[PDB]
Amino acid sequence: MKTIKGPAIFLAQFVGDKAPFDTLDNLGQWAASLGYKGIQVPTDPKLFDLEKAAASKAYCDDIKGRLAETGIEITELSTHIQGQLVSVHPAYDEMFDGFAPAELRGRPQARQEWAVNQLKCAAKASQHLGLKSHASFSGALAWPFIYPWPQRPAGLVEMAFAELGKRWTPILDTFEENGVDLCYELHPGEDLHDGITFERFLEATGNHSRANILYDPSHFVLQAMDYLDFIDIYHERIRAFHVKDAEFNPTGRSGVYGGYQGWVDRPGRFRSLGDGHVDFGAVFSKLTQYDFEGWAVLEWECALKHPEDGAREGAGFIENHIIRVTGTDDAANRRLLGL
């Protein structure tokens, strides 16, 4: 078996405009000062330009070396934002424009083609940095029709997954030639939001060997789904791990849908590590038992706790849950049995 690497931290929730949350160098020193050994880097042109990194290996060698001076390593790159723009339903076109470059706002086809190019540059930059996995979202074409009311016409869902496979298969081929695994995070508001849809997406891509899963148990808790049985079924396809807590406390007034309430008042909400319902002892045990060769990446989000306390407690929490791992005599065996 294998000892899970960590602790690491996802910087997306901590970027800002002042120090030390403004540059990658400063975020690396901040993370290393708290006890983390790795970082998951979002590909924002301010922090990490994918186009320069995909063009010159030298650009990547500078980033890698300068982070290693502080004691930090890049675990994976993140294209959650760009992956979302690969497939967008028109009802959400304007809500997502704030995630695209300003010059592309109001131009949906140009925004989609820019996102596909970003994903392909992410494969090449990952090879330069020596990374084995990459984190992303899948986008959503059919999410407005998640509940069968009004009744979904015949062929609607099948067309959505055929189109989704047609758009991601070229990108998946690019990750093959660079030897990088593509890990989708199953998340509400995506067509890939549970295990059934991931199996359906696989068949639409010809069972591509680079289509894998980023495991985050919090989203399964928020929809009352067994996150531990998920590991038992899909362990062969799990290549990345988000450590994130959540709780679901249904009342007589609201359930999973949430009633348009804010995060503080929803029955299902995210919590700081240790303050939710996730059995992280069981999660780390199963990942250790199924030979998971990856990083335990903290993705922090809480409805109550101050952000600087959550980032500090996460490092100790992860390090306490990581587990350090440790002839045939036919004739005799024949005698022991009836043979």
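The first residue of the sequence shown is number 1, and the count goes up from there.
Novice: Count of coordinate-less deposited residues separating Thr326 and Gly327, as none, 1 to 3, 4 to 9, or 10 or more?
Specialist: Unmodelled stretch: 10 or more residues.
Novice: Averaging only over Cα atoms, indicate whether 55-63 or 293-301 has the higher B-factor in the PDB entry.
Specialist: If you average the C-alpha B-factors of 55-63 and of 293-301, the larger mean comes out for 55-63.
Novice: Averaged over C-alpha atoms, is the B-factor higher for 270-278 or for 64-72 in this PDB entry?
Specialist: So the stretch with the higher mean C-alpha B-factor is 64-72.
Novice: What's the residue among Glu185, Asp245, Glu103, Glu199 with the greatest CA temperature factor in the PDB record?
Specialist: Across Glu185, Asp245, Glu103, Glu199, the entry lists the biggest C-alpha B-factor for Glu103.
Novice: Against its chain's modelled residues, does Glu163's Cα B factor rank lowest, middle or highest third?
Specialist: Middle third.
Novice: Would the CA B-factor of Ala125 place it in the lowest, middle or highest third of its chain?
Specialist: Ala125: CA B-factor falls in the middle third of its chain.
Novice: Report the third (lowest, middle or highest) to which the CA temperature factor of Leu337 belongs, ranking only the modelled residues of the same chain.
Specialist: Middle third of the chain for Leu337's C-alpha B-factor.
Novice: Rank-wise, by C-alpha B-factor, drop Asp265 into the lowest, middle or highest third of its chain.
Specialist: Middle third by C-alpha B-factor.
Novice: Ranked by Cα temperature factor within the chain, is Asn26 in the lowest third, the middle third or the highest third?
Specialist: It falls in the top third of the chain.
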